[PDB]
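Undergrad: What follows is the file entry.cif, containing mmCIF, C-alpha atoms and all ligand atoms:
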data_input
#
loop_
_atom_site.label_atom_id
_atom_site.label_comp_id
_atom_site.auth_asym_id
_atom_site.auth_seq_id
_atom_site.Cartn_x
_atom_site.Cartn_y
_atom_site.Cartn_z
CA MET G 1 -3.67 5.76 -20.47
CA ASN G 2 -0.48 4.09 -21.71
CA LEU G 3 2.26 2.81 -19.40
CA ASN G 4 5.97 3.33 -20.05
CA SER G 5 9.09 2.45 -18.06
CA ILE G 6 12.32 4.45 -17.92
CA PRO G 7 15.31 2.69 -16.31
CA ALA G 8 17.45 4.70 -13.93
CA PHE G 9 20.51 4.04 -11.78
CA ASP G 10 21.20 0.31 -11.40
CA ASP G 11 17.71 -1.12 -10.92
CA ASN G 12 15.15 1.70 -10.65
CA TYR G 13 12.21 2.23 -12.96
CA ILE G 14 10.59 5.62 -13.46
CA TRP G 15 7.04 4.78 -14.57
CA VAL G 16 5.28 7.21 -16.91
CA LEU G 17 1.63 7.18 -17.89
CA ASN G 18 0.66 9.16 -20.98
CA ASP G 19 -2.69 10.06 -22.51
CA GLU G 20 -3.48 10.08 -26.22
CA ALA G 21 -2.34 13.69 -26.63
CA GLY G 22 0.95 12.98 -24.88
CA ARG G 23 0.24 14.54 -21.50
CA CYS G 24 2.16 12.57 -18.90
CA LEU G 25 2.46 11.57 -15.26
CA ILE G 26 5.95 10.71 -13.99
CA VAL G 27 6.38 8.49 -10.91
CA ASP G 28 9.44 8.68 -8.64
CA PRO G 29 11.95 10.34 -11.00
CA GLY G 30 15.23 9.80 -9.18
CA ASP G 31 17.36 10.91 -12.16
CA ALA G 32 16.06 13.72 -14.35
CA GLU G 33 18.31 12.98 -17.33
CA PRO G 34 16.62 9.83 -18.73
CA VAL G 35 13.22 11.40 -18.04
CA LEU G 36 14.06 14.59 -19.95
CA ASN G 37 15.37 12.43 -22.79
CA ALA G 38 12.19 10.34 -22.91
CA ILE G 39 9.94 13.41 -22.72
CA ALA G 40 11.73 14.88 -25.74
CA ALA G 41 11.82 11.61 -27.70
CA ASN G 42 8.08 11.07 -27.22
CA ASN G 43 6.98 14.73 -27.36
CA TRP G 44 5.33 14.30 -23.98
CA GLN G 45 3.67 17.21 -22.16
CA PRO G 46 4.45 16.81 -18.44
CA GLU G 47 1.48 17.36 -16.14
CA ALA G 48 2.41 15.80 -12.83
CA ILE G 49 4.98 13.97 -10.76
CA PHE G 50 3.99 11.46 -8.07
CA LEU G 51 6.44 10.75 -5.25
CA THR G 52 5.97 7.69 -3.03
CA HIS G 53 8.70 8.38 -0.43
CA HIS G 54 11.72 10.54 0.28
CA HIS G 55 14.68 8.38 -0.82
CA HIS G 56 17.15 9.94 -3.26
CA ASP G 57 16.59 7.27 -5.91
CA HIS G 58 12.92 8.35 -6.12
CA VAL G 59 13.13 12.15 -5.75
CA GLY G 60 16.48 13.37 -7.06
CA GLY G 61 15.20 14.44 -10.48
CA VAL G 62 12.30 16.61 -9.30
CA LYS G 63 14.08 19.97 -9.15
CA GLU G 64 15.44 19.80 -12.68
CA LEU G 65 12.14 18.53 -14.12
CA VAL G 66 10.12 21.36 -12.55
CA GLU G 67 12.72 23.92 -13.63
CA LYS G 68 12.25 22.80 -17.24
CA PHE G 69 8.45 22.30 -16.92
CA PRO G 70 7.20 24.69 -14.19
CA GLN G 71 3.61 23.68 -15.00
CA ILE G 72 4.21 20.32 -13.23
CA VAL G 73 2.37 19.69 -9.98
CA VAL G 74 4.45 17.45 -7.68
CA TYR G 75 2.24 15.26 -5.49
CA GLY G 76 3.79 13.49 -2.55
CA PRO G 77 3.60 12.66 1.14
CA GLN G 78 4.53 15.05 3.93
CA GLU G 79 7.96 13.38 4.18
CA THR G 80 8.69 14.75 0.67
CA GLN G 81 7.83 18.39 1.40
CA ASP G 82 11.56 19.19 1.42
CA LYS G 83 12.11 17.14 -1.77
CA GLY G 84 10.00 19.29 -4.12
CA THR G 85 6.39 18.32 -3.40
CA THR G 86 3.95 21.11 -4.16
CA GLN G 87 0.69 19.24 -3.40
CA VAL G 88 0.80 17.12 -0.25
CA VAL G 89 -1.35 14.01 -0.29
CA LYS G 90 -2.35 11.86 2.67
CA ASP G 91 -4.09 8.55 3.30
CA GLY G 92 -7.59 8.48 1.88
CA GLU G 93 -7.12 11.46 -0.42
CA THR G 94 -7.06 11.49 -4.21
CA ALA G 95 -5.23 13.26 -7.02
CA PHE G 96 -6.93 13.84 -10.39
CA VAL G 97 -4.34 13.45 -13.14
CA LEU G 98 -4.68 12.62 -16.84
CA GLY G 99 -8.43 12.48 -16.42
CA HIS G 100 -8.22 9.77 -13.75
CA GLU G 101 -8.67 9.78 -10.00
CA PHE G 102 -5.73 8.23 -8.16
CA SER G 103 -6.40 7.03 -4.61
CA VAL G 104 -3.67 7.58 -2.02
CA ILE G 105 -2.93 4.72 0.39
CA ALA G 106 -0.57 5.18 3.33
CA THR G 107 1.81 2.22 3.57
CA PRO G 108 4.30 2.74 6.41
CA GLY G 109 7.18 0.29 6.60
CA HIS G 110 10.02 1.09 4.23
CA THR G 111 9.65 4.72 5.30
CA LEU G 112 7.09 5.94 7.82
CA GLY G 113 5.41 8.29 5.33
CA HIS G 114 5.49 6.05 2.25
CA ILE G 115 2.32 6.19 0.18
CA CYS G 116 1.01 4.28 -2.83
CA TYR G 117 -1.20 5.57 -5.64
CA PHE G 118 -3.97 3.54 -7.28
CA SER G 119 -6.13 4.19 -10.32
CA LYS G 120 -7.53 0.86 -11.51
CA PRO G 121 -5.61 -1.08 -12.69
CA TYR G 122 -2.39 0.83 -11.99
CA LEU G 123 -0.78 0.53 -8.55
CA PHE G 124 2.30 2.70 -7.99
CA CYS G 125 3.57 1.06 -4.83
CA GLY G 126 7.14 2.39 -4.76
CA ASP G 127 9.30 0.33 -2.43
CA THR G 128 6.50 -1.21 -0.34
CA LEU G 129 5.60 -4.20 -2.53
CA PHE G 130 8.01 -5.70 -5.07
CA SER G 131 7.41 -8.70 -7.31
CA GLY G 132 8.22 -11.63 -5.05
CA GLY G 133 9.20 -9.38 -2.17
CA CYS G 134 8.73 -6.22 -0.14
CA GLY G 135 10.67 -3.18 0.96
CA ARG G 136 13.40 -3.35 3.55
CA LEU G 137 12.19 -1.85 6.82
CA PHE G 138 14.43 1.19 6.98
CA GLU G 139 12.08 3.19 9.21
CA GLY G 140 8.94 1.26 10.17
CA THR G 141 8.11 -1.94 11.98
CA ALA G 142 7.26 -5.39 10.68
CA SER G 143 3.72 -4.86 11.98
CA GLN G 144 3.38 -1.74 9.84
CA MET G 145 4.69 -3.45 6.72
CA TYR G 146 2.45 -6.47 7.34
CA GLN G 147 -0.60 -4.20 7.56
CA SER G 148 0.53 -2.21 4.52
CA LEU G 149 0.88 -5.34 2.40
CA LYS G 150 -2.51 -6.59 3.62
CA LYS G 151 -4.10 -3.43 2.23
CA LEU G 152 -2.31 -3.70 -1.10
CA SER G 153 -3.14 -7.40 -1.44
CA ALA G 154 -6.84 -6.55 -0.95
CA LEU G 155 -6.83 -4.51 -4.18
CA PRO G 156 -8.47 -6.11 -7.23
CA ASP G 157 -7.07 -9.24 -8.84
CA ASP G 158 -6.27 -7.45 -12.14
CA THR G 159 -4.17 -4.73 -10.46
CA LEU G 160 -0.87 -4.02 -12.22
CA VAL G 161 1.88 -3.81 -9.60
CA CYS G 162 4.20 -1.03 -10.81
CA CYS G 163 6.92 -1.07 -8.17
CA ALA G 164 10.12 0.90 -8.39
CA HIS G 165 12.96 -1.66 -8.46
CA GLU G 166 14.07 -4.59 -10.62
CA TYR G 167 14.52 -6.87 -7.61
CA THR G 168 12.30 -9.72 -8.82
CA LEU G 169 15.00 -12.31 -9.56
CA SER G 170 16.80 -11.81 -6.24
CA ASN G 171 13.44 -11.89 -4.48
CA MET G 172 12.60 -15.24 -6.05
CA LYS G 173 15.98 -16.70 -5.09
CA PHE G 174 15.15 -15.76 -1.51
CA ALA G 175 11.70 -17.35 -1.85
CA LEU G 176 13.26 -20.63 -2.98
CA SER G 177 15.59 -20.59 0.04
CA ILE G 178 12.44 -20.81 2.21
CA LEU G 179 10.07 -22.92 0.05
CA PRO G 180 12.32 -24.96 -2.27
CA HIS G 181 9.59 -27.46 -3.13
CA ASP G 182 6.86 -24.94 -4.00
CA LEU G 183 5.94 -25.50 -7.64
CA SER G 184 4.45 -22.05 -8.29
CA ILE G 185 7.53 -20.32 -6.86
CA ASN G 186 9.86 -22.55 -8.89
CA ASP G 187 7.93 -21.87 -12.09
CA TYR G 188 7.90 -18.10 -11.55
CA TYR G 189 11.60 -18.09 -10.64
CA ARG G 190 12.37 -19.78 -13.95
CA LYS G 191 10.23 -17.29 -15.88
CA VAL G 192 11.96 -14.35 -14.17
CA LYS G 193 15.44 -15.85 -14.60
CA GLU G 194 14.81 -16.11 -18.34
CA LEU G 195 13.41 -12.57 -18.61
CA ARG G 196 16.50 -11.20 -16.86
CA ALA G 197 18.89 -13.43 -18.84
CA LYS G 198 17.51 -11.63 -21.92
CA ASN G 199 17.68 -8.21 -20.19
CA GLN G 200 13.87 -7.88 -20.12
CA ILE G 201 11.83 -5.99 -17.53
CA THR G 202 9.89 -8.19 -15.10
CA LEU G 203 7.23 -5.56 -14.31
CA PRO G 204 4.42 -4.76 -14.00
CA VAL G 205 2.97 -7.95 -12.52
CA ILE G 206 -0.68 -8.90 -12.05
CA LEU G 207 -1.66 -8.91 -8.38
CA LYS G 208 -3.58 -12.21 -8.57
CA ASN G 209 -0.42 -13.92 -9.84
CA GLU G 210 1.79 -11.96 -7.46
CA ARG G 211 -0.09 -13.24 -4.41
CA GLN G 212 0.76 -16.81 -5.43
CA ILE G 213 4.52 -16.24 -5.73
CA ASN G 214 5.24 -13.68 -3.01
CA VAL G 215 6.10 -15.26 0.33
CA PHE G 216 5.38 -11.96 2.09
CA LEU G 217 1.77 -12.20 0.84
CA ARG G 218 1.45 -15.87 1.90
CA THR G 219 1.63 -15.68 5.70
CA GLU G 220 -1.68 -17.55 5.99
CA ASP G 221 -0.71 -20.26 3.47
CA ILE G 222 -0.53 -23.58 5.32
CA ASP G 223 2.51 -24.64 3.28
CA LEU G 224 4.54 -21.62 4.41
CA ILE G 225 3.17 -21.87 7.96
CA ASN G 226 4.34 -25.48 8.18
CA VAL G 227 7.83 -24.85 6.82
CA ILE G 228 8.40 -21.90 9.16
CA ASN G 229 7.21 -24.03 12.09
CA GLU G 230 9.94 -26.60 11.33
CA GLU G 231 12.40 -23.95 12.56
CA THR G 232 10.35 -21.63 14.84
CA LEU G 233 6.83 -22.24 16.12
CA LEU G 234 4.67 -19.22 15.22
CA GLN G 235 0.88 -18.92 15.37
CA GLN G 236 0.25 -15.36 14.07
CA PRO G 237 0.59 -14.39 10.38
CA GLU G 238 2.23 -11.13 11.47
CA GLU G 239 4.94 -13.09 13.30
CA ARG G 240 5.59 -15.11 10.15
CA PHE G 241 5.98 -11.84 8.26
CA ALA G 242 8.67 -10.59 10.66
CA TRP G 243 10.48 -13.94 10.58
CA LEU G 244 10.55 -13.86 6.77
CA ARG G 245 11.63 -10.22 6.61
CA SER G 246 14.51 -10.83 9.03
CA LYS G 247 15.58 -13.91 7.05
CA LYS G 248 15.60 -11.83 3.87
CA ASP G 249 17.66 -9.11 5.56
CA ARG G 250 20.39 -11.73 6.12
CA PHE G 251 20.09 -13.49 2.76
CL CL V 1 22.19 5.40 0.35
CL CL V 2 14.11 -2.05 -0.29
ZN ZN V 3 -9.13 4.84 -18.29
ZN ZN V 4 13.27 3.57 -0.91
ZN ZN V 5 20.79 5.02 -1.37
ZN ZN V 6 13.99 2.79 -3.95
#
Take the structure in the file and give it back as structure tokens.

TA:
Amino acid sequence: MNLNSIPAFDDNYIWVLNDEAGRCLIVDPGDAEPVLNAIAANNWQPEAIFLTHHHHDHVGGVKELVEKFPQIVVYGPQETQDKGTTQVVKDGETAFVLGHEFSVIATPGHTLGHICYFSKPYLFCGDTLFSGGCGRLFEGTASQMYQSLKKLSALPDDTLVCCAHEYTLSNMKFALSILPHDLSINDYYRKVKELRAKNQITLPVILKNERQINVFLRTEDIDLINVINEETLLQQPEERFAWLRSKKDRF
């Protein structure tokens, strides 16, 4: 398969995988217009849409896409049944698309019903995991997001993190506000700053690298533990997650 990105709105990406014949899988199409344009420009043959969660910026384009291409199957969680899903998927299920079996992983936190899709190496993790960050907890608890990120981080090292928003630079500025001396975070911040200064996409990222630069994946890293403890004594990695997530909310 071949990966493509379609920008939408201010900072969304609509990921598309295509096979050699041009059949395609479209992930979280919040705006149909750039998707329809890309389908036509590339002569793609739409097969499926994957939805990760119910927010407008991920689902708004479904109706128009399926009107133009009624053959599309729309896979999504129960919380998207009223957003155009025609095949519900749940934790531990799979969807067979473009000749590949995608695993479905429930990741409550950003929304309660958020799911991620994985077919090695591609991880479509929506708004759960971002490069350098994680989703805001609009519906779920910090415990849920902590457990969700633990599952995603346990995927293979070569996983390509295909998240939905170009938030990487802001995420790294937050990281430096917590760990200003951390060399890996500083180096990745500079790389990202330069990509964005040239208007270049920062995604996808390799999970092995991501774990080293993402404070939300580092709650057992002694360096982060120690810096947090200079302000608030915390012994549980899950507590460090909630402390970080609340700090980021205010940043
Ligand atoms: Cl809104
Ligand atoms: Cl978010
Ligand atoms: Zn393959
Ligand atoms: Zn969202
Ligand atoms: Zn909104
Ligand atoms: Zn979003």

Undergrad: Have a look at G:152, G:88, G:234, G:129 and name the one nearest to residue 220 in chain G; count all atoms listed in the file.

TA: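 The shortest atom-to-atom distance to residue 220 in chain G comes from G:234.
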
Undergrad: Can I get the residues of chain G within 9 Å of ligand ZN 4 (chain V), each with the closest pair of atoms and their distance in Å to one decimal, using all atoms listed in the file, sorted chain first then ascending number, as CSV?

TA:
residue,atom,partner,partner_atom,distance
G:52,CA,V:ZN4,ZN,8.6
G:53,CA,V:ZN4,ZN,6.7
G:54,CA,V:ZN4,ZN,7.2
G:55,CA,V:ZN4,ZN,5.0
G:56,CA,V:ZN4,ZN,7.8
G:57,CA,V:ZN4,ZN,7.1
G:58,CA,V:ZN4,ZN,7.1
G:110,CA,V:ZN4,ZN,6.6
G:111,CA,V:ZN4,ZN,7.3
G:114,CA,V:ZN4,ZN,8.8
G:126,CA,V:ZN4,ZN,7.3
G:127,CA,V:ZN4,ZN,5.3
G:128,CA,V:ZN4,ZN,8.3
G:135,CA,V:ZN4,ZN,7.5
G:136,CA,V:ZN4,ZN,8.2
G:138,CA,V:ZN4,ZN,8.3
G:164,CA,V:ZN4,ZN,8.5

Undergrad: List as CSV every residue of range 211-236 of chain G that is in contact with range 176-186 of chain G, defined as an atom at most 12 Å from one of its atoms (using only C-alpha atoms), together with the nearest atom pair and the distance in Å rounded to one decimal, sorted by chain and then rising number.

TA:
residue,atom,partner,partner_atom,distance
G:211,CA,G:184,CA,10.6
G:212,CA,G:184,CA,7.0
G:213,CA,G:185,CA,5.2
G:214,CA,G:185,CA,8.0
G:215,CA,G:179,CA,8.6
G:216,CA,G:178,CA,11.3
G:218,CA,G:179,CA,11.3
G:221,CA,G:179,CA,11.6
G:222,CA,G:179,CA,11.9
G:223,CA,G:179,CA,8.4
G:224,CA,G:179,CA,7.2
G:225,CA,G:179,CA,10.5
G:226,CA,G:179,CA,10.3
G:227,CA,G:179,CA,7.4
G:228,CA,G:178,CA,8.1
G:229,CA,G:178,CA,11.6
G:230,CA,G:178,CA,11.1
G:231,CA,G:178,CA,10.8

Undergrad: Identify, on the basis of all atoms listed in the file, every residue whose closest approach to residue 189 in chain G does not exceed 8 Å; exclude the query and any residue fewer than 3 positions from it along the same chain; express the result as JSON, numbers by chain.

TA: {"G": [169, 172, 173, 185, 186, 192, 193]}

Undergrad: Just the selected residues (C-alpha atoms), exported as a PDB file, in the coordinates of the input, please.

TA:
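Listed below is the output, selection-v2.pdb:
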ATOM      1  CA  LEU G 169      15.000 -12.310  -9.560  1.00  0.00           C
ATOM      2  CA  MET G 172      12.600 -15.240  -6.050  1.00  0.00           C
ATOM      3  CA  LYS G 173      15.980 -16.700  -5.090  1.00  0.00           C
ATOM      4  CA  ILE G 185       7.530 -20.320  -6.860  1.00  0.00           C
ATOM      5  CA  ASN G 186       9.860 -22.550  -8.890  1.00  0.00           C
ATOM      6  CA  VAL G 192      11.960 -14.350 -14.170  1.00  0.00           C
ATOM      7  CA  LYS G 193      15.440 -15.850 -14.600  1.00  0.00           C
TER       8      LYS G 193
END

Undergrad: Return as lines of an AutoDock Vina configuration file the centre and edge lengths, in Å with one decimal, of the box along x, y and z that encloses every atom of range 86-103 of chain G in the file, padded by 8 Å per side.

TA:
center_x = -2.4
center_y = 14.1
center_z = -6.8
size_x = 28.6
size_y = 30.1
size_z = 36.1

Undergrad: Show which residues sit within 12 Å of residue 91 in chain G, as a list in words. Count all atoms listed in the file, and ignore same-chain residues fewer than 6 positions away.

TA: residues 52, 76, 77, 78, 102, 103, 104, 105, 106, 107, 108, 113, 114, 115, 116, 117, 118 and 148 of chain G

Undergrad: Give me, as JSON, numbers by chain, all polymer residues having an atom no more than 7 Å from residue 15 in chain G, counting all atoms listed in the file and skipping those fewer than 4 positions away in the same chain.

TA: {"G": [4, 5, 6, 26, 27]}

Undergrad: Using C-alpha atoms, can you export the residues from the last selection as a PDB file, in the frame of the given file?

TA:
ATOM      1  CA  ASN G   4       5.970   3.330 -20.050  1.00  0.00           C
ATOM      2  CA  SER G   5       9.090   2.450 -18.060  1.00  0.00           C
ATOM      3  CA  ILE G   6      12.320   4.450 -17.920  1.00  0.00           C
ATOM      4  CA  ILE G  26       5.950  10.710 -13.990  1.00  0.00           C
ATOM      5  CA  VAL G  27       6.380   8.490 -10.910  1.00  0.00           C
TER       6      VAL G  27
END

Undergrad: Tell me which protein, DNA and RNA residues are within 12 Å of residue 209 in chain G, counting all atoms listed in the file, leaving out same-chain ones fewer than 6 positions away, and put them as a PDB file with C-alpha atoms, keeping the file's coordinate frame.

TA:
ATOM      1  CA  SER G 131       7.410  -8.700  -7.310  1.00  0.00           C
ATOM      2  CA  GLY G 132       8.220 -11.630  -5.050  1.00  0.00           C
ATOM      3  CA  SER G 153      -3.140  -7.400  -1.440  1.00  0.00           C
ATOM      4  CA  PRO G 156      -8.470  -6.110  -7.230  1.00  0.00           C
ATOM      5  CA  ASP G 157      -7.070  -9.240  -8.840  1.00  0.00           C
ATOM      6  CA  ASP G 158      -6.270  -7.450 -12.140  1.00  0.00           C
ATOM      7  CA  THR G 159      -4.170  -4.730 -10.460  1.00  0.00           C
ATOM      8  CA  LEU G 160      -0.870  -4.020 -12.220  1.00  0.00           C
ATOM      9  CA  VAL G 161       1.880  -3.810  -9.600  1.00  0.00           C
ATOM     10  CA  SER G 184       4.450 -22.050  -8.290  1.00  0.00           C
ATOM     11  CA  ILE G 185       7.530 -20.320  -6.860  1.00  0.00           C
ATOM     12  CA  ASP G 187       7.930 -21.870 -12.090  1.00  0.00           C
ATOM     13  CA  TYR G 188       7.900 -18.100 -11.550  1.00  0.00           C
ATOM     14  CA  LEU G 217       1.770 -12.200   0.840  1.00  0.00           C
TER      15      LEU G 217
END

Undergrad: Collect all residues with atoms no farther than 8 Å from ligand ZN 3 (chain V), counting all atoms listed in the file, and output them as a ChimeraX atom specification.

TA: /G:1,99-100

Undergrad: Between CA of residue 121 in chain G and CA of residue 155 in chain G, what is the spacing in Å?

TA: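 We find that CA of residue 155 in chain G and CA of residue 121 in chain G lie 9.3 Å from each other.
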
Undergrad: By how many Å are CA of residue 73 in chain G and CA of residue 48 in chain G apart?

TA: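 Distance between the two atoms: 4.8 Å.
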
Undergrad: If you measure from CA of residue 84 in chain G to CA of residue 68 in chain G, what distance in Å do you get, rounded to one decimal?

TA: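 Spanning CA of residue 84 in chain G to CA of residue 68 in chain G is a straight-line distance of 13.8 Å.
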
Undergrad: Taking all atoms listed in the file into account, name the residue in G:79, G:28, G:238, G:139 that is nearest to ligand ZN 6 (chain V).

TA: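 Using all atoms listed in the file, ligand ZN 6 (chain V) sits closest to G:28.
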
Undergrad: Would you mind telling me which residue in G:204, G:22, G:109, G:92 lies nearest to ligand CL 2 (chain V) when using all atoms listed in the file?

TA: G:109

Undergrad: Write out as an NGL selection string the residues lying within 12 Å of residue 20 in chain G, counting only C-alpha atoms and excluding same-chain residues fewer than 3 positions away.

TA: :G and (1-3 or 17 or 23-24 or 42-45 or 98-99)

Undergrad: Which of these, G:61, G:241, G:49, G:166, has the shortest distance to residue 144 in chain G once you count all atoms listed in the file?

TA: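 Nearest candidate to residue 144 in chain G out of G:61, G:241, G:49, G:166: G:241.
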
Undergrad: Between G:145, G:205, G:162, G:14, which residue has the minimum interatomic distance to residue 125 in chain G, considering all atoms listed in the file?

TA: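 Of G:145, G:205, G:162, G:14, the one nearest residue 125 in chain G is G:162, counting all atoms listed in the file.
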
Undergrad: Looking at G:151, G:90, G:190, G:165, which one is nearest to ligand CL 2 (chain V), with distances taken over all atoms listed in the file?

TA: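 For ligand CL 2 (chain V), the nearest of the given residues is G:165.
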